[PDB]
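Residue numbers (the numbering used here), protein chains in the order written: chain L, 637 to 729; chain R, 6 to 101; chain A, 290 to 472; chain Z, 290 to 472.
Idealized CB from N, CA, C, for every residue including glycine.
Take a look at the structure set out below.
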Amino acid sequence: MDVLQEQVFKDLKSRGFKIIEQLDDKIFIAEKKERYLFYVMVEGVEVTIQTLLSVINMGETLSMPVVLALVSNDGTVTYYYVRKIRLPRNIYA
Amino acid sequence: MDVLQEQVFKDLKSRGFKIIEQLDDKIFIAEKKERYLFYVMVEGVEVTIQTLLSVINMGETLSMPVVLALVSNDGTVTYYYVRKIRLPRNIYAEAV
Amino acid sequence: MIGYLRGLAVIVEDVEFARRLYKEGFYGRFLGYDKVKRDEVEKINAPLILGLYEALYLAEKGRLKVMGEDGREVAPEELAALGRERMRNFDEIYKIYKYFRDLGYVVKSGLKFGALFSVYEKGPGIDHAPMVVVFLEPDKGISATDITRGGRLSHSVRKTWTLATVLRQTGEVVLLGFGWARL
Amino acid sequence: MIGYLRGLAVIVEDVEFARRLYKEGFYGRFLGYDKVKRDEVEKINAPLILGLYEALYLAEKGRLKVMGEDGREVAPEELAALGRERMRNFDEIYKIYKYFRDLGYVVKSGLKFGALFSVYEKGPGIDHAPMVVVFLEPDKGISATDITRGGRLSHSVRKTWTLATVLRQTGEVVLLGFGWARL
């Protein structure tokens, strides 16, 4: 089906992740010591802020850190953590 | 932008430029080794692509390189050259 | 408590006031110094420049009275109208500025970093070492390339950076933190 | 000269063909490899993946025949329609891809750089030094911060970078070159 997304599965599997569930296009849970919620972002494919915020919220609900799996137009995969910050008062204020 | 623009004049003077002519809001000619056409851009203040292209074209018309003087919201100045590229065919292109 | 509006920045000519602003929030920059430390402030006698967001904030708090070129007081709402006229997204950006400042963070220009703001706990220098804050404008989506770009702007080996936006529906300021994941 | 459309990329399973594409202008990437040298090619035995812009370009040039999942030919027109519907600004960005490619330059993903494309004369790898190409989308202006950002994305000590855009009114691809001026 989708060779770019497939590159993500292959990559994670190569380092001992198990794929637990696919929730949607682009969204899946996988595990290696802790479960993470993955969101695949293909180069050139824009998503709305609302979509991103929703995925981030899903993570909070499910109690799982969110990882964006970035995929280049020809299959290179790079991972970023993302979270919604709750910025505390500065201690050194 | 009195003051922000003035920061650019002060900085160039410090660097041994002289100011030759003010052409406009935010456009001027100044000289050190050669003459350049300066265009001042303030942090946060957007300028259309047409505007920038016009300035670059003025430099071509006046025969002078164009320098963008970038000014932070509190008066720090950084300079970039800008030009319109005329991209040559790539001599190293592999045979097809 | 006076500063003068001159274009898009405000200049404080009363050096004793200038010093108080800088030692009490690291507001502004002294010409032509930088990375001024608090303990060298007293031996500085130069004007202080405040950016429009800084000046507006201080006016709101009211730690500054801004005087225009015609000798009028320039009220907060006047400052904001000027910003809105000249700077795209001023209102949203100010909200972000104020968000960080109200929580006790030092907010400075992000221009040098290619970003909206640089945000500090203690102060620029010294030490430690800005959080780079990138703006998400209205109506704009996000893609993979935005994320790696932020990572590049980062000065951390972890490639950590923050995205700031204001949600149109609610006006909520929303901050997202990103960092490289070596999975 | 077959490749297989699978989502938003095309896979070439014919290795001898893949080697030719790679030799004849550094099209695509071999799975499991990067920056493969032109000589090293003969001892690679991996599929080649082609990004959509690459595949479209090669298809238009009659150098690639693309097959869909149903086993039918996908014409250049259908490839473009797929890109347009999934990727914002496809048409404009392809125009830019083509501009560089038609002039003989190797045009590669910009993702690692936080940019639209990375552009080479001799390719990866190498030697070497890609031009970072940043996109100016429709109806958008430029600010000082955009310029310093590009400077940060650059891998040159001169902070050199290229802005690429398509002019609304004329359709002209316009390239601007920026670099840090030490005055």
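Within 8 angstroms, strictly: CB atoms of residue i and residue j
| i | j | result |
| --- | --- | --- |
| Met-69 (chain R) | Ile-34 (chain R) | yes |
| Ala-307 (chain Z) | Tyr-322 (chain Z) | no |
| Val-395 (chain Z) | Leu-337 (chain Z) | no |
| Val-702 (chain L) | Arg-719 (chain L) | yes |
| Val-422 (chain Z) | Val-355 (chain Z) | no |
| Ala-453 (chain A) | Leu-405 (chain A) | yes |
| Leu-58 (chain R) | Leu-42 (chain R) | no |
| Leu-341 (chain A) | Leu-297 (chain A) | yes |
| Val-52 (chain R) | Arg-375 (chain A) | no |
| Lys-324 (chain Z) | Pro-419 (chain Z) | no |
| residue 261 (chain A) | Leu-294 (chain A) | Residue 261 (chain A) lies beyond the range of chain A shown here (290 to 472); nothing can be said about it. |
| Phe-389 (chain A) | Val-408 (chain A) | yes |
| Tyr-44 (chain R) | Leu-472 (chain Z) | no |
| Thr-449 (chain A) | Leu-464 (chain A) | no |
First and last residue of the uninterrupted alpha helix (DSSP H) at residue i
| i | result |
| --- | --- |
| residue 477 (chain Z) | Because chain Z here runs from 290 to 472, residue 477 (chain Z) falls outside it and cannot be looked at. |
| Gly-460 (chain Z) | Per DSSP, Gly-460 (chain Z) belongs to no alpha helix (DSSP H) and is neither H nor E. |
| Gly-440 (chain A) | 433–442 |
The ligand SAM heavy atom lying under 7 angstroms from the CB of residue i
| i | result |
| --- | --- |
| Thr-714 (chain L) | What this structure holds is no ligand at all, so the ligand SAM is not there to describe. |
Three-way DSSP call (helix, strand, coil) for residue i in this model
| i | result |
| --- | --- |
| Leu-673 (chain L) | strand |
| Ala-348 (chain A) | helix |
| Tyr-293 (chain Z) | strand |
| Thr-56 (chain R) | helix |
| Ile-415 (chain Z) | coil |
| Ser-19 (chain R) | helix |
| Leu-640 (chain L) | helix |
| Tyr-84 (chain R) | strand |
| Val-299 (chain Z) | strand |
| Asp-428 (chain A) | coil |
| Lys-354 (chain Z) | strand |
| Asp-660 (chain L) | strand |
| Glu-36 (chain R) | strand |
| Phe-402 (chain A) | helix |
| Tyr-322 (chain Z) | coil |
| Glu-362 (chain Z) | strand |
| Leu-723 (chain L) | coil |
| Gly-680 (chain L) | coil |
| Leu-706 (chain L) | strand |
| residue 289 (chain A) | Since the first and last residues shown for chain A are 290 and 472, residue 289 (chain A) lies out of range. |
| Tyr-409 (chain Z) | strand |
| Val-330 (chain Z) | helix |
| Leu-465 (chain Z) | strand |
| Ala-453 (chain A) | strand |
| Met-700 (chain L) | coil |
Beta-carbon separation (whole angstroms), residue i vs residue j, contact threshold 8 angstroms
| i | j | result |
| --- | --- | --- |
| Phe-653 (chain L) | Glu-667 (chain L) | 6 angstroms |
| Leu-353 (chain Z) | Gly-292 (chain Z) | 6 angstroms |
| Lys-384 (chain A) | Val-455 (chain A) | 5 angstroms |
| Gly-393 (chain Z) | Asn-95 (chain R) | 3 angstroms |
| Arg-447 (chain A) | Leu-442 (chain Z) | Not quite, the Cβ-Cβ distance comes to about 19 angstroms (not below 8 angstroms), so this is no contact. |
| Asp-647 (chain L) | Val-691 (chain L) | That belief does not hold up - the Cβ atoms of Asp-647 (chain L) and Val-691 (chain L) are roughly 19 angstroms apart, past 8 angstroms. |
| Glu-313 (chain Z) | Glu-99 (chain R) | 5 angstroms |
Buried versus exposed, by CB contacts within 10 Å (16 or more), residue i
| i | result |
| --- | --- |
| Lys-332 (chain Z) | exposed |
| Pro-724 (chain L) | exposed |
| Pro-427 (chain A) | exposed |
| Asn-693 (chain L) | exposed |
| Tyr-386 (chain A) | buried |
| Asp-435 (chain A) | buried |
| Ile-685 (chain L) | buried |
| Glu-65 (chain R) | exposed |
| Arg-318 (chain A) | buried |
| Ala-348 (chain Z) | buried |
| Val-678 (chain L) | buried |
| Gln-12 (chain R) | buried |
| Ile-90 (chain R) | exposed |
| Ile-431 (chain A) | buried |
| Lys-326 (chain Z) | exposed |
| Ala-370 (chain A) | exposed |
Boundaries (first-last residue) of the beta strand (DSSP E) holding residue i
| i | result |
| --- | --- |
| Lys-312 (chain Z) | Run containing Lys-312 (chain Z): none in the beta strand (DSSP E); it sits in the alpha helix (DSSP H), 304–312. |
| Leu-339 (chain A) | 337–340 |
Proximal chain B residues relative to residue i, where beta-carbon distance stays under 7 angstroms
| i | result |
| --- | --- |
| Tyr-44 (chain R) | No chain B is present in this structure, whose protein chains are L, R, A and Z. |
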